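Asks: can you look at this? It's an experimental structure, sequence on top.
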Amino acid sequence: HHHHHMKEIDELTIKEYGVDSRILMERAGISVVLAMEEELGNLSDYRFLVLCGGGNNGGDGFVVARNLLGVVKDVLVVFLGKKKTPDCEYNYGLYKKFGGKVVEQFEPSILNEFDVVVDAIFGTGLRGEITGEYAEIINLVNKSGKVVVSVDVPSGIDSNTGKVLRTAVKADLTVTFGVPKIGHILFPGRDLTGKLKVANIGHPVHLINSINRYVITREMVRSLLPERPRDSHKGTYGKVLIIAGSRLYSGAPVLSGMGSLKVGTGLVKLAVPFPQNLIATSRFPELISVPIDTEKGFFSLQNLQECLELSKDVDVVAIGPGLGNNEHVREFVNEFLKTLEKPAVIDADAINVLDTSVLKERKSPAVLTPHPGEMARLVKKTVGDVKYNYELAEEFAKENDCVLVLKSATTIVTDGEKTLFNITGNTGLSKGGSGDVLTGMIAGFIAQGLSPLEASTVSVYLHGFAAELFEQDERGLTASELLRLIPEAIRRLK
Amino acid sequence: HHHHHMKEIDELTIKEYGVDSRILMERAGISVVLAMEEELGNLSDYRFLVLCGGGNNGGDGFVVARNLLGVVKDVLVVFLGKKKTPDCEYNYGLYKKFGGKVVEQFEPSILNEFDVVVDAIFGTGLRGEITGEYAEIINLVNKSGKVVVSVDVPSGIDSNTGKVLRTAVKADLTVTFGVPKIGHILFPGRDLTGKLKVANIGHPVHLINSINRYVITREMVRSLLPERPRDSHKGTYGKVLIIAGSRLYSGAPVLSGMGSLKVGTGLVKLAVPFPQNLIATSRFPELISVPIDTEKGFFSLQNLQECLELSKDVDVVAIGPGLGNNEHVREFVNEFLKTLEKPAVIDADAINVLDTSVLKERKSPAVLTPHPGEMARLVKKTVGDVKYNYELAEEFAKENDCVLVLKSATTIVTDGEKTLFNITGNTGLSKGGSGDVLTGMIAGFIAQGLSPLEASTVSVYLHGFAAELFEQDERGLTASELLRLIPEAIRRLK
Amino acid sequence: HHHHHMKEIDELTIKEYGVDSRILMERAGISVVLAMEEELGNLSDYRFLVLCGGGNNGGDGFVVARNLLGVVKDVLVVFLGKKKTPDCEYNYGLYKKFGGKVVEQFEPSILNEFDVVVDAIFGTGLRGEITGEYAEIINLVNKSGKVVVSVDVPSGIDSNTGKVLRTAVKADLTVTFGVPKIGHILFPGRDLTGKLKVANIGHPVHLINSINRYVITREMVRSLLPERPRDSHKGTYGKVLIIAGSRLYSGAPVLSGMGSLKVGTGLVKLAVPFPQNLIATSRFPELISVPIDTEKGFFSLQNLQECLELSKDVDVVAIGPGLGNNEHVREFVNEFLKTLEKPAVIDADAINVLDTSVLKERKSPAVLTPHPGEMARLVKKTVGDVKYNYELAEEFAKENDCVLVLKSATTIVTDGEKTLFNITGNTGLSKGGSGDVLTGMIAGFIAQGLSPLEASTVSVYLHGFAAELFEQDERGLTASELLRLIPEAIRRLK
Amino acid sequence: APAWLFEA
Amino acid sequence: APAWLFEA
Amino acid sequence: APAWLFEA
Amino acid sequence: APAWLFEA
Ligand SMILES: [K+]
Ligand SMILES: [K+]
Ligand SMILES: [K+]
C-alpha cells in the first residue's frame, strides 16, 4: 500500500503503531529548534516571536516556544486562533506553565522588538484563501526584514499544489516533517519555502518510504547511471537516430545529437534535410548527419520509407526538434510513429503535430517532453491549467502508455504510476536550445539500456545539474556551453 | 631463439642454468608477500586464508603461508587437491613443520574469520572448466567481499587466452612471475586480474627478454617517438593524403586529418566529395580539403586518376573512413590500392570492400585497422571467433604482408612476427569517430619516418593515453576532445 | 631453550625444520639487493664490485652478484679464497652459468671502474687477524671513497665482540640476517657497520625470538612505561631518597633528584651535608633537600642512624653521586647498604668504596651503574678488560644478585640471565653530571613499580633519547638541559 | 553526512 | 611501517 | 623508480 | 557553540 499524504501516515503512526500524538508534536517542535541552531548558530542572543494558529501547526509552534524559554533572549507567542485542537491546547498549557507569555492581539510595532519570526500559523490544514487578521499579519511579517522560520509549510501555501492562497509567508527556512510536501517542490511554493530541512519525527521508516511521489536525488541518479564495462565497443552503448531540423531550424539537430553523445551513447545519427544536415558535422564531426532530400526544406511523407530504413539499425529514435509544423510534417510524424517499432522520444514540433491516437496504438514505448505551452496544445487546455498539474500529467501518461516529462523550473516526470520531481537547474535553461539537448540525453540513456522512465529521471537531473556548474552568470548560459558541462555533471554525480 | 611460454623458461632455468626448482618457488612466494605489503601496508593485523591446489601454484601458496606464520594475526591453509607435486609437497611439509594449520575441508562460514584470501588454487596449469568443490569455493570467495590476492593468475582464467573456464576468481591484486601472461592482458582475464604486479623470481634476464609478445609500455613508445630537429621544414615531417568521406559521412575526413596533424605531421590533404570537403576547412582551416567531383556523393572509378595524381606528392595514403560501402566504392578502393605505390593505412569502409588479393600483390606496405566486426567480415568468421584472437591476427598479417591493428579494449598490433598488446584507453573511446582519429595518427607517424609497425605501436598507445587524460567523466569523451588531448599525451610521454 | 647464536639457528632451520641451505642463501642475497635499492634508489646505473671469500659469506655474495646481472651497468666478482664451501660453489656455478665474470686477482686500479663495493669476504666465520692479500684489499676499499655494502658483518669485525681483527671494512650499509650480531652493537664494530638493516631470511620466528641478548627498542620501552591512572596521588608514583653530595661535590644531588622527578616520581628527598643541601632547593624548590650535620663535609658513620630513619618512609634509595671517597665514607656506605632493607641504586663514589660482600648478603635488590673505570676498580681489572665485556658483566650480576648497568656509548644492562644493549645517545653525554641524572631516573622508575631490570632498561633508553633531542650541537649538551629534555623523550616514546 | 534527524 | 623483510 | 623486484 | 541540546 502506498500513501499519498502525511495525514494518513500520521494517523497510522498514532492509531496503529501507538505513538502518542503528543510525542510526534514534541519531536516536530524540537526539530525546528535544532534546525534553527544549524542555520543561525547559537540561539541565545536572539529574540523570538512565535505566531501560532489554533491547529496542530500552532501546537508545534507552542513546542518550539516552550523549548526556547530560559535559553534565548526573549520569547513571545501571539496566538491568532479562536480555539485550540487538543494537542495545541496541551502545549499552550505547557508553555504557560513553564512561564511563557502569550498575547492574542497582534500589534504592527511588535515586529520591532524581535529578531526571528517562527511562522506556526497554518500548515497542511490551510483551507481556502487567507484574509482578515491572518492576512495583515502575514503581510506585516513579509515587510519586516526579520529572519523567518516556517513550521511544516509557509503559511498560505497549499501543501498539495504549491499555490499561494491569497497571501503567504516568505520563509528563510522551512522545517517540514517526515517528507517534503508537493507545495515545497512546485512554484510559487518552492520559492517561498526558502531553505528546506526535512526532519524525522518518529514515523516508521517503511511508511515514509510508502510515498509514491519523490524528489529526484543525487543518490537515486547515481544508482541508475549505466555501467561502463571495460571490455565494450560502441554498440555496447547504443545507437540513436535523431529525426530533426528543417530549412528554418537548422541548429536543433546538432544540440540533440551532441546531447546523446555527451551522456555516453555509442553512435548518433541525425536525419536532416539537405543541406542543413552539413551544419551538424561542421560543428561536431563525430556526428553522422544524413542528408534527406526534401521538396521544400521540411520532412514529408516522401521521406517516410528512408526514415524507417534508418531506424532499423538503431535502438531509439528521437523526433521533433526543429521539424516545423505544417500539414506535410504532421502526416510524416504520425505515419512514422505509427509504423516505428522502436522506443521514441517525442519533442517540440513532433508533439505539436502529434495525433495522440497514434500513442495508444504503438506497441513500443515513448517518452514525450513538452513544455507547458506544448502540453496545453496537446490536451487542448490553457497553459495555466496544465502548468505544474501533476495529476493531469499522470492521467495523460497512464491513458497513453507513455512517460511524460513536463518541463518547467520544477520538472515533472511520470509514467502514470510513479511521479518524480526534478529541482536541479537555473534560469540559464530558459533559453532556446536547452530542450533540444535534453531530448538527446533521454534518447541516449534509453539506447544505453535504461527504461524510458529511468532515462528521463537521470536526464532531467543531469541537465539541470550541468546548468548549475556554469562558471559565470546563469543568464549567459547557452546550449553549447550546457553540452560542455554534461561530462562534469556526470563526474560530480559519481 | 624466442620462447612463447614461461613453462619453457622455467624448465630451462632449472635444467640448463641449474637453479633448483625449490629456489624459484621460494622466490615466487616471498614476492607475493612483498607485493601484499606494498598494497596493504603492514600485514601484522590481518588474518589470511590461503587456498592451495595440488600443483605448483598451490606450492607457491604454501610458501606464502609459511612466510606469514608468526608475523600476521592468523594463517590457515585450505588444501583443495587430492595429491601434491614434489615442490608443493616440500612446501606443505615446511609449512606444517613451522607450526602451520592445514584443513582439507572448505566450510562456507570459514570466509567470516579472515580478511585476505590468497588464491593459490590454479595457475598456468588450469586445464578445462572448473566444477565441483573448486567452483563452489571460487563462487564463495567472489561473494565474500574480502581482499583477494591471486598467485600467478586468478584461478579459472586461461593464461593463454584470458577466457574464463566456467568460473574464476576476481582478484584485487595478482602477482605474476617473470612476465605478464596473455590472460592478464586480454579480457575477461584482464578485468579479473585487478592490479597486476610482475615479479622477478630469478630467471636469467635474456630468457625473459626472449618473449616475442609484449605489452606496449611508456618507455617503448618514448624511444620510438621521432626526433624534431630544429633545422626542419614541413616536408621534414611528412605529407599524408586522406581519401575519406561521402555525402552520408561528412565528418570522418576531418577527424582523420586532424589526427595526422596533432601527432606532428607536416602537411595533410584530404580528398572528399564536394561539397562535403568544405566541412573540414570550416572546422580546421590548417587542413587542405580537396573537392572531388562525384556522380552521387561517393568515390567511384571516375575518381581513380585524380586520387592517384594527388598520391604522387605525399608519403602515405590513408583510405576508408566514411567512404560508404557500395559497388562503386569497392571498385575504386581495390583498383586504387592495386595501383598505389605508397604505404597505405586501410580503415573502416575500405576494409569492408577490400579484396585481400590486392594486399598480396602490393609491393608497398599497408596497415589495416579493423574493429572485430570489420575483421570478422574481412576473414568471413564470427565476431566471437576473431575477437582477441591474436593467433588469427598474426596469421592474417603474415599471409597478407601487412600490419594488423585489431582494435578492442586491449588492442592487438602485429606484423606476423612480433605482436604487441596495448592496454591504454577507456570506454570513452567506444564511440563513433575514435577510430577515425587513430587512422590519422598512424598515417602521420608513417609519414614522419616510423615503420608501419612502429607507427601503429606508438599511435595505439598515445590514442588511449589521450583518452585517459580527459578531465571529466570518460563517457562524455568525444573525438574532437580526444584530438585536443593528443599533444598533452605526447608531452607526458616525454 | 634459548640460542646464543645464529649458527645454532641456521643449523636447526636446515637440519630440523628442513629448509634447504641453498634457500636460506638465496633469501640472504636477495635481501642485500633489496636493501641496496632502498638505500641507493634504482640500481640500474651503478657498477658493482663484489668481493667474495670462500665461505658462505662469499656464497651470499655470489647470490647478490648473480641477481644484479643484466639489471645494473656492470658486475664483477673478485673471488679471494682458495676453495669454496658447497653453497658457495653452487652459487659461483650459477653466477658463471648466468654469464657472470669472476677474477681471482685483485688489481688496486680495479676500484676505479666501480661505484659500489659489496663486501662478502668474511662474515661470522672470521677467525683470527686478517693479513696478506685480504688485508691489502680491505685497506684499498677503505681508501677508495666508494659506496660500501657489507654482507652480514663488515669483514674484519668479530661478530661476537665487535673488535677489529687487525683491519676491517668500513661500511655505509650492513645487511645482516635473522638478528643483529653483538659486533654490530658494540664498538668499534658499531661504527664500522654504518646503517644496519636486519633481514628476515626465513628462520622460524620462535627460533629468532629464542635469542637471550636484545637491543633495547622503542617498542620495548613503550610497553614498560608505567601507567598513570587518573585517580592517583603522589604516593601512587613512589618516593625516592637520594644520599649524595659533599663539601667538594655539591651539584650531584641536584641532578639525581631532578632525574627522579622528571620521569614522574611522586616525592624526592635528598640527604646532603649542610649547607650544600641548600644548593638543591635554590635551583629546584620542588625537591626536599634535608641538611645532614657532618664533621668535615662528608657522610660518616655518625650519619648512619639518620639515613636509615629517612629510608623508612621511601620506596627506593639512590646513593653515591658526589659522596667523595675516603675511609669515613666507605664505612658509612657499607654499613648503610648492609642494613638498608629497600632497593638501592648504587653509583659513583658508593661503587668506588663498595665491599661486594655487602651485595651478597643483602636481601633487597640493587642496581649498580658503573662506567668502565668504576667497573675496573670494582672487580680489580683493567679498563680494557671490562669495557664492553658483557660476559663479565653477566657473571658479576649473577654472582652478586644485582642488575649491572655498565655505561658506555653502548650501555650493557644485565641481571645475569637477560642482557640488553642500549644504543640511544650521543657524545653530549660524555660530560660530568650525565650519570647523576641517569641514577635518579632508575631510582624513580623503581619507585613507580618497575623491577630493577625494567627500570634500568627504560632509563638508559630515555636518557640517551633525551640527549638526541637536544636542538643544537651535541657537544654543548649539559645535564641541566638533558633534564629539560626528558619529558619530551617520554612524549615521543608514546 | 549524519542524517538521522535531517534530510537536506 | 611494513617490516616483513627488514627491521631497521 | 627501483624495479629490481617488481614491474608494475 | 550552539548548546540547546548538549552541554559538553
Ligand atoms: K506554518
Ligand atoms: K591462482
Ligand atoms: K662481510
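Replies: Nice, thanks for sending it over. Numbering: from 1, shown residues only, chains lettered A, B, ... in the order given. Ligands and ions are numbered 1, 2, ... in the order given.

Asks: C-alpha from now on. contacts and neighbour counts both.
Replies: Fine.

Asks: what about the residue nearest the centre of chain D, distance to residue A:174?
Replies: Chain D has residue D:3 as the residue nearest its centroid, 1.9 Å off, counting by Cα atoms, centre = their mean. Using Cα to Cα, to the nearest Å, we find residue D:3 at a distance of 17 Å from residue A:174.

Asks: distance of the residue in the stretch 201-350 of chain A positioned nearest to chain F from chain B?
Replies: Here the stretch 201-350 of chain A gets closest to chain F at one residue, residue A:230, 19.6 Å apart by Cα to the nearest Cα. Distance, residue A:230 to chain B, using Cα to the nearest Cα, to the nearest Å: 6 Å.

Asks: residue A:8 too?
Replies: Applying Cα to the nearest Cα to residue A:8 and chain B gives a distance of 41 Å.

Asks: ok, that residue to residue A:391 distance?
Replies: Counting by Cα to Cα, the gap from residue A:8 to residue A:391 is 19 Å.

Asks: how about the strands of the stretch 151-300 of chain A, start to end?
Replies: Using DSSP state E, counting those that start in this stretch, the strands found in the stretch 151-300 of chain A span residues A:173-177, A:195-199, A:213-215, A:239-243, A:267-273, A:288-292.

Asks: give me whichever of the ones you listed is most buried.
Replies: strand A:239-243 (a mean of 29; mean count of other Cα atoms under 10 Å in any protein chain shown).

Asks: for it, name the packing helices and strands.
Replies: helix A:252-262, strand A:267-273, helix A:304-311, strand A:316-319, helix A:434-447 (3 or more Cα pairs under 8 Å, 6 or more residues apart in numbering or on different chains; DSSP states H and E).

Asks: chain center to it: distance?
Replies: 27 Å (Cα atoms, centre = their mean, to the nearest Å).

Asks: that strand to strand A:267-273, inter-axis angle?
Replies: Calculated by axes from the mean of the first three to the mean of the last three Cα atoms, to 10 degrees, strand A:239-243 forms an angle of 10 degrees with strand A:267-273.

Asks: tell me which helix or strand the residue of chain D found nearest chain F sits in.
Replies: Residue of chain D nearest chain F, by Cα to the nearest Cα: residue D:1 (36.5 Å). Residue D:1 is part of no helix or strand, with elements assigned from DSSP states H and E.

Asks: likewise residue A:117?
Replies: Assigned by DSSP H and E, residue A:117 belongs to strand A:116-120.

Asks: strands paired with that strand, and their directions?
Replies: Strand A:116-120 has the following sheet partners, assigned by DSSP bridges: strand A:47-52 (parallel), strand A:147-151 (parallel).

Asks: any chance of JSON lines for those strands, columns mean neighbour count?
Replies: Output for those, formatted as JSON lines (neighbours: other Cα atoms under 10 Å in any protein chain shown):
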{"stretch": "strand A:47-52", "mean neighbour count": "25"}
{"stretch": "strand A:147-151", "mean neighbour count": "26"}
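
Asks: returning to what we had before: tell me who's in contact with the residue of the stretch 201-350 of chain A closest to chain F.
Replies: B:191, B:409, B:426, B:427 (Cα atoms under 8 Å, 6 or more residues apart in numbering or on different chains).

Asks: list phi and psi for it.
Replies: With angles defined as degrees, to the nearest 10, residue A:230 sits at phi -60, psi -40.

Asks: following the strand holding residue A:117, which helix or strand shows up next?
Replies: Criterion used, DSSP H and E; the element after strand A:116-120 is helix A:132-142.

Asks: now do that following helix and strand A:116-120, the angle between them.
Replies: Using the same axes, to 10 degrees: helix A:132-142 against strand A:116-120 is 150 degrees.

Asks: may I have stretch A:244-253 exported as CSV, CA atoms only?
Replies: The C-alpha trace of stretch A:244-253 is given here as CSV (Å, rounded to 0.1, in the frame of the first residue of the first chain):
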residue,chain,number,x,y,z
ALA,A,244,15.1,16.8,-36.7
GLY,A,245,15.6,20.1,-38.4
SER,A,246,14.3,22.0,-41.4
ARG,A,247,15.3,24.8,-43.7
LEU,A,248,14.0,27.1,-40.9
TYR,A,249,15.5,25.4,-37.9
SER,A,250,19.0,24.1,-38.8
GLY,A,251,20.6,24.1,-35.3
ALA,A,252,18.2,21.9,-33.3
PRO,A,253,19.6,18.5,-34.7
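
Asks: is any residue of it near chain B?
Replies: No: for stretch A:244-253, no contact with chain B is found by Cα under 8 Å from any Cα of the partner chain; the gap never falls below 15.0 Å.

Asks: give me the buried positions along that stretch.
Replies: Buried residues in stretch A:244-253, counting neighbours by 16 or more other Cα atoms under 10 Å in any protein chain shown, are found at A:244, A:245, A:246, A:247, A:249, A:250, A:251, A:252, A:253.

Asks: what's the answer for stretch A:328-348, then?
Replies: So stretch A:328-348, judged by 16+ other Cα under 10 Å, has buried residues A:329-334, A:336-338, A:340-348.

Asks: pull up the distance across that stretch, start to finish.
Replies: 16 Å.

Asks: which residues does that stretch contact?
Replies: A:298-301, A:303-304, A:307-308, A:311, A:315-323, A:350, A:353-355, A:358-359, A:361-370, A:374, A:439, A:442-443.

Asks: buried by neighbour count, from the residues you listed: which ones?
Replies: If we count by 16+ other Cα under 10 Å, those have these buried: A:298-301, A:303-304, A:307, A:311, A:315-323, A:350, A:353-355, A:358-359, A:362, A:364-370, A:374, A:439, A:442-443.
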